[PDB]
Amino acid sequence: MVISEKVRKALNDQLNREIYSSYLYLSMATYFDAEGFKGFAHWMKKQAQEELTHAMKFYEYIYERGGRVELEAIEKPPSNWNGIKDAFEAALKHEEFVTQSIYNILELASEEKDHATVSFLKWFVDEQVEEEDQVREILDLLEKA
């Protein structure tokens, strides 16, 4: 393995966080569909699939560095929200937690002088920041102020 175990575990943790992200967006879709919001459910379904490509990017990086992936149990997500804005605000809050979690790994890899992982994570935060901004675009679009 050409990464430290500490970094491997953090990346594996993050991969599992991307999986939970995908499941949370699917659960938001079950809520939107239960309320009849077909189009917003479809947005959530495509976002759930986008989250799986995030998990597979971490998957591929870990094996490239000689690590292995270990899948953990997935927590039951919430199944109800109080309207569209309420669901998308919960997603914004979740993606901000995800963005900070990735910045934490990048700090760790930087302290270890793990240049390859620093490069990987620097590239990925740019995609995470735009996925967060996609959530903000919806909230701004519905801002019925």
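In case it trips you up, residue 1 is the first one in the sequence shown, and so on.
Visitor: On average, are the C-alpha B-factors higher in 28-36 or in 116-124?
Guide: That would be 116-124.
Visitor: Mind pulling up the entry and telling me whether 126-134 or 16-24 has the higher mean Cα temperature factor?
Guide: Averaging CA B-factors over each stretch, the winner is 126-134.
Visitor: Give the position of residue 107 by CA B-factor within its chain, expressed as the lowest, middle or highest third.
Guide: It belongs to the highest third of the chain when residues are ordered by C-alpha B-factor.
Visitor: Is the Cα B-factor recorded for residue 94 in the lowest, middle or highest third of its chain?
Guide: Highest third.
Visitor: Ordered by C-alpha B-factor within the chain, which third holds residue 80? Give me lowest, middle or highest, please.
Guide: It belongs to the middle third of the chain when residues are ordered by C-alpha B-factor.
Visitor: Taking only the Cα B-factors deposited for this chain, tell me whether residue 73 sits in the lowest, middle or highest third.
Guide: For residue 73, the deposited C-alpha B-factor lands in the highest third.
Visitor: Rank-wise, by C-alpha B-factor, drop residue 101 into the lowest, middle or highest third of its chain.
Guide: Middle third by C-alpha B-factor.
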